[PDB]
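Engineer:
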Amino acid sequence: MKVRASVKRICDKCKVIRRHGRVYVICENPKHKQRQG
Amino acid sequence: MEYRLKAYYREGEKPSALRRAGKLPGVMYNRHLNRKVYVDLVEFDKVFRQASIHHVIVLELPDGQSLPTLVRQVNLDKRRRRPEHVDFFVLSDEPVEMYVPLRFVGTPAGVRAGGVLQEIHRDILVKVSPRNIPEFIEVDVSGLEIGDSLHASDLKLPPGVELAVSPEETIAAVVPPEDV
Amino acid sequence: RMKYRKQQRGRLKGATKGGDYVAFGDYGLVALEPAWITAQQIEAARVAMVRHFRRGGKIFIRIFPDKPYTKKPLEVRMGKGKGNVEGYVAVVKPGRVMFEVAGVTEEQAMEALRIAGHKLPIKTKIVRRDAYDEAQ
Amino acid sequence: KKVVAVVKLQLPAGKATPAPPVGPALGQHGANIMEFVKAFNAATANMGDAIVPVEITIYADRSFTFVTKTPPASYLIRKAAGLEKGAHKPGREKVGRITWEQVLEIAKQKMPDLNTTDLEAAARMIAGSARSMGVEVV
Amino acid sequence: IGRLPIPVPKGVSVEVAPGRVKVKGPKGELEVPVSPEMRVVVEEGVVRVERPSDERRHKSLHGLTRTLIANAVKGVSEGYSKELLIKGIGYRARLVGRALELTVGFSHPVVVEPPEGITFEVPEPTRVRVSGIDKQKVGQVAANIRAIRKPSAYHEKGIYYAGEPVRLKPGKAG
RNA sequence: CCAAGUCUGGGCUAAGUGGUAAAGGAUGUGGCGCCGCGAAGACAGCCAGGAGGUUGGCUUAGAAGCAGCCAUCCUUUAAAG
RNA sequence: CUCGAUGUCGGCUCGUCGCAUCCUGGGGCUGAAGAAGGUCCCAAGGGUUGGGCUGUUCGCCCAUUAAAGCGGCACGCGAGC
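Chains as they are written, first to last, in the deposited numbering: chain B8, 1 to 37; chain BY, 1 to 180; chain BP, 6 to 141; chain BL, 2 to 139; chain BH, 4 to 177.
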């Protein structure tokens with residue numbers, strides 16, 4: 001899931017991961033792959 | 001309690017350099033007795049902060065004058081918060097202009113009553129009391145709904161009985177959620 | 006919005022600061038770096054709060070639909086009598102006292118605003134009473 | 002696939018096989034509708050009109066049924082009280098109200114399957130859960 | 004106060020060469036790299052990571068050379084073999100010299116060439132994995148073979164590392 | 001590139017921002033204020049219970065947090081969901 | 001800037017760049033079982049049919065297709081029709 005904007009984790013445990021200048025939020029639930037960078 | 005530093009260099013360029021350091025301008029006032037004295041913020045704040053420290057005096061330590069004072073004015077900073085000028089008065093026996101902190105309870109008979117809720121209107125009372133005013137004058141009434149409101153009338157006065165404000169003008173009242 | 010029975014046609018252009026800062030319930034909603042603000046939008050925030058609030062404990066207010074906006078034309082050319090009073094809104098620029106009640110107690114009143122505001126048109130902020138207020 | 006587990010149920014004492022709570026619940030969840038049901042009869046035979054609760058399983062004691070235990074707080078509350086279902090709304094309705102003594106007492110009485118045991122404890126439980134319903138103290 | 008504590012048991016060859024801290028144990032001459040300011044000690048039974056500051060780079064670095072070189076150690080201690088379990092009704096596995104057997108997706112030729120420290124343990128093969136040297140690249144090749152045909156969250160079958168209690172999503176209507 | 005320090009001094013960025021942009025997003029970086037504590041010996045790691053009336057409301061076909069609108073008491077300690 | 005002149009539609013011939021990519025491959029996501037779909041992300045490679053009615057570009061339809069893309073240059077082109 002990509003959205004060059006917003007991304008505020010969600011899935012309770014949902015993780016905010018720095019990655020190559022990219023705000024890529026990672027969860028153990030595929031259901032949140034928050035990509036915006 | 002409170003403590004400050006005298007304003008030799010006073011009035012303008014000073015107040016500014018003041019803000020600079022982290023000192024905001026202040027006045028020490030008593031009947032026609034005044035001193036342009038200056039405020040060290042950080043703590044000045046903590047103090048004011050007590051708020052109790054805003055409705056009820058504290059003791060000022062300037063040079064070595066442990067004396068009695070409260071605040072009447074404060075040019076508080078338009079552009080955000082923090083003020084631009086603090087004003088205090090030192091008392092003797094006769095303090096009339098009294099803004100005594102007033103706490104109360106509509107004795108929960110509103111929300112868990114009509115869903116309705118309570119609006120604090122006055123909160124404090126500027127009545128009279130000779131440097132002998134309670135830091136918590138208070139009132140109550142398990143009536144917290146209907147076309148219901150309560151005022152200075154009913155009020156319910158303490159040891160220092162003196163209303164320097166008006167004859168009942170609504171301490172506050174209850175308005176409905178989406179009503180009951 | 007509201008601003009019934011005016012007096013005049015349409016004001017004009019300017020903006021710089023104002024004079025609202027106090028509070029009225031401790032559900033503190035305060036502008037910061039604006040200018041105009043669409044009444045409509047306003048409601049937007051209004052409603053936002055209104056429903057977030059488990060639907061009930063009724064908020065307060067602040068500003069007003071204030072002035073009359075004109076785009077005049079329709080798409081035209083320009084030089085007509087600049088007629089048409091198409092829009093209505095407030096003029097708040099120096100963080101103004103936008104204050105409103107329910108009984109959230111905490112970040113729910115927070116959210117409510119946070120949103121309503123995010124919603125509004127500008128970099129702005131919110132808070133609670135930190136410098137009581139003395140009247141006559 | 003078959004996950005064992007003692008079945009905790011609230012049912013129509015006097016009866017035995019309440020379609021929804023013992024048909025599906027017991028039988029499929031980890032028990033049996035009508036059989037646990039006639040055991041039910043065996044018991045509910047003299048407890049059945051203020052509702053009755055029992056946890057029934059195939060367990061130690063090498064058998065089937067398990068433990069019958071005081072018809073849950075709030076419910077036996079209205080039960081002795083005097084109303085059918087729930088008073089539709091608790092607190093914001095402040096219309097169902099009971100009293101001190103008769104309360105603490107009924108407490109004492111139902112006291113069996115009661116955590117620890119204390120006069121004030123059971124009474125308080127009454128006032129409280131009763132409220133939970135609309136069975137408020139007044 | 005901690006991001007530096009590691010012993011060097013067994014007469015493991017633990018020494019500084021050309022910016023490379025050489026860690027030789029069971030023939031594995033693991034290279035635990037050396038950054039300019041890091042630096043450590045080889046004393047009696049303890050090897051210690053030191054720090055010429057403590058900002059983000061240096062502190063992280065500390066954690067690094069410390070733990071990675073640690074790796075050089077335990078590694079040289081044994082030799083590093085990666086424990087993996089393949090398991091699929093539609094799957095097979097057998098060494099055959101220097102090669103990955105494997106087949107879970109018909110047309111079977113899943114012939115490999117195990118890198119180095121690597122070799123294949125075909126104990127089942129429902130139980131079957133890899134053996135290496137340097138703890139590190141064995142994990143990588145391991146994951147290699149893992150992924151090449153592996154997953155299946157809705158119906159299992161693949162190659163499962165340990166097998167982390169693999170999750171799975173329903174089917175159609177039932 | 002062409003004149004004149006690849007001056008000295010104390011920061012702060014590491015993206016090449018410098019070589020246009022906002023609303024807005026964030027364990028980016030570096031600077032200051034309150035809240036719990038490592039001797040009521042900390043946090044993540046980790047063990048173990050995963051408390052009893054809780055399973056109170058319309059809708060219960062099912063709310064008995066893990067439907068939704070009304071609660072927010074009690075029992076009782078490892079503690080208190 | 002243009003009126004001591006910058007020939008304004010459509011089509012034709014010739015095109016040439018852009019991606020916000022129709023088709024293509026590469027993808028995570030699914031309310032994905034397969035097959036096939038919908039949903040973003042990556043990327044211009046090449047590819048991107050014939051008729052009808054209309055001076056129409058556009059459009060509606062006939063038959064196709066893997067696809068039958070959108071759009072820049074005076075809505076490219078009269079010193080080339």
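Even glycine gets a Cβ: it sits at the ideal position worked out from N, Cα and C.
State the DSSP-derived secondary structure class of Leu-61 (chain BY), mapped to helix, strand or coil.
Structural biologist: strand
Engineer: Answer with buried or exposed for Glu-80 (chain BP), where buried requires no fewer than 16 other C-beta atoms within 10 angstroms of its C-beta.
Structural biologist: exposed
Engineer: Measuring straight from C-alpha to C-alpha, what distance separates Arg-79 (chain BL) and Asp-114 (chain BL)?
Structural biologist: 18 Å
Engineer: So if I threshold CB-CB distances at 9 Å, which residues from the stretch 108-119 of chain BY count as touching chain BP?
Structural biologist: Against chain BP - using a Cβ distance shorter than 9 Å - the residues of the stretch 108-119 of chain BY are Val-111, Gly-115, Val-116, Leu-117, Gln-118 and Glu-119.
Engineer: Would you say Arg-98 (chain BL) lies against chain BY (beta-carbon separation less than 8 Å)?
Structural biologist: no
Engineer: Thinking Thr-70 (chain BH) and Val-43 (chain BH) are a contact (beta carbons under 8 Å), I'd like their distance in whole angstroms, please.
Structural biologist: That pair is no contact at about 12 Å.
Engineer: Could you tell me the boundaries of the beta strand (DSSP E) in which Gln-11 (chain BL) lies?
Structural biologist: 8-12
Engineer: Is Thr-118 (chain BL) buried or exposed, if buried means 16 or more other CB atoms sit within 10 Å of its CB?
Structural biologist: exposed
Engineer: Quick one: give me the first and last residue of the alpha helix (DSSP H) that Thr-70 (chain BH) is part of.
Structural biologist: 59-80
Engineer: Mind checking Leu-120 (chain BL): buried by the 16 CB within 10 Å criterion, or exposed?
Structural biologist: exposed
Engineer: For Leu-76 (chain BY), return the contacting residues in chain BP, with the cut-off set at a CB-CB distance below 8 Å.
Structural biologist: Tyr-26 and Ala-136
Engineer: Considering only residues of the stretch 104-157 of chain BH, which uninterrupted alpha helix (DSSP H) runs meet the minimum length of 4 residues and lie entirely inside it, listed in chain order?
Structural biologist: 138-150
Engineer: Could you check if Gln-118 (chain BY) is buried or exposed, using at least 16 other CB atoms within 10 Å of its CB as the buried criterion?
Structural biologist: buried
Engineer: In angstroms, rounded to a whole number, what distance separates the CA positions of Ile-26 (chain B8) and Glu-167 (chain BH)?
Structural biologist: 18 Å
Engineer: Relative to the C-alpha of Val-141 (chain BH), which residue among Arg-23 (chain BH), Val-49 (chain BH) and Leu-33 (chain BH) is closest?
Structural biologist: Cα-wise, what sits closest to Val-141 (chain BH) is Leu-33 (chain BH).
Engineer: In chain order, what residues of the stretch 71-103 of chain BL put their CB closer than 9 Å to some CB of chain BY?
Structural biologist: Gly-92, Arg-93 and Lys-95
Engineer: For chain BY, check one thing: does any of its Cβ atoms lie closer than 8 Å to the Cβ of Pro-99 (chain BP)?
Structural biologist: yes
Engineer: Check this for me: beta carbons of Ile-9 (chain BH) and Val-50 (chain BH), under 8 Å apart or not?
Structural biologist: yes
Engineer: For the beta strand (DSSP E) that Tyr-60 (chain BL) lies in, which residues bound it at each end?
Structural biologist: Judged by DSSP secondary structure, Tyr-60 (chain BL) falls within the beta strand (DSSP E) whose first and last residues are 53-60.
Engineer: Please classify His-55 (chain BY) as buried or exposed, where buried requires at least 16 other C-beta atoms within 10 Å of its C-beta.
Structural biologist: By the 10 Å Cβ count, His-55 (chain BY) comes out buried.
Engineer: Name, in chain order, the residues that DSSP records as bridge partners for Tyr-29 (chain BY).
Structural biologist: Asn-34 (chain BY) and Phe-89 (chain BY)
Engineer: Rounded C-beta distance between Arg-97 (chain BH) and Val-114 (chain BH)? I'm assuming under 8 Å.
Structural biologist: Taking the Cβ atoms as the reference, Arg-97 (chain BH) lies roughly 11 Å from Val-114 (chain BH), outside the contact range of under 8 Å.
Engineer: Apart from the five residues on each side of it in sequence, which residues of its chain come closer than 7 Å, Cβ to Cβ, to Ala-152 (chain BY)?
Structural biologist: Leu-163, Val-165, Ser-166, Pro-167, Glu-168, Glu-169 and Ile-171
Engineer: In chain BP, which residues lie less than 8 Å from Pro-134 (chain BY) when you measure between Cβ atoms?
Structural biologist: Within chain BP, no residue comes near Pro-134 (chain BY); the closest Cβ sits about 17 Å away, beyond 8 Å.
Engineer: So is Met-7 (chain BP) buried or exposed if we call it buried at 16+ other beta carbons inside 10 Å?
Structural biologist: exposed
Engineer: Using the Cα positions of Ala-73 (chain BH) and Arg-22 (chain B8), report the straight-line distance between them to the nearest angstrom.
Structural biologist: 31 Å
Engineer: Near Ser-155 (chain BH), what residues of its chain come up, given a Cβ to Cβ distance below 6 Å and the 5 sequence neighbours on each side ignored?
Structural biologist: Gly-161
Engineer: Just confirm the distance between the C-beta atoms of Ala-108 (chain BL) and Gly-97 (chain BL), as a whole number of angstroms; I'd bet it's less than 8 Å.
Structural biologist: That pair is no contact at about 17 Å.
Engineer: Checking 8 Å against the spacing of the C-beta atoms, do residue 151 (chain BP) and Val-97 (chain BP) come in under that value?
Structural biologist: With chain BP running from 6 to 141 in the structure shown, residue 151 (chain BP) is simply not present.
Engineer: For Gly-48 (chain BH), which residues of its own chain have a beta-carbon under 8 Å away from its beta-carbon, when the five flanking residues on both sides are left out?
Structural biologist: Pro-10, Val-11 and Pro-12
Engineer: Since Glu-105 (chain BP) is in the alpha helix (DSSP H), which residue starts that stretch and which ends it?
Structural biologist: Taken as a continuous stretch (DSSP letters only), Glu-105 (chain BP) belongs to no alpha helix (DSSP H), as it is neither H nor E.
Engineer: I need the boundaries of the alpha helix (DSSP H) containing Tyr-8 (chain BY), first residue and last residue.
Structural biologist: Per DSSP, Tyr-8 (chain BY) belongs to no alpha helix (DSSP H) and is neither H nor E.
Engineer: Chain BY beta carbons: is any one of them nearer than 8 Å to that of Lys-128 (chain BP)?
Structural biologist: no
Engineer: Return the residues of the stretch 41-72 of chain BY that lie within a Cβ-Cβ distance of less than 9 Å from chain BP, sorted by chain order.
Structural biologist: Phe-48, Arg-49, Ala-51, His-54, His-55 and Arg-72
Engineer: Within this structure, are the beta carbons of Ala-44 (chain BP) and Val-90 (chain BP) separated by less than 8 Å?
Structural biologist: The Cβ atoms of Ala-44 (chain BP) and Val-90 (chain BP) lie no closer than 8 Å to each other.
Engineer: On the three-pair Cβ rule with 8 Å, is the stretch 68-77 of chain BL touching the stretch 16-33 of chain BL?
Structural biologist: Between the stretch 68-77 of chain BL and the stretch 16-33 of chain BL there are fewer than three inter-stretch CB-CB distances shorter than 8 Å, so the stretches are not counted as touching.
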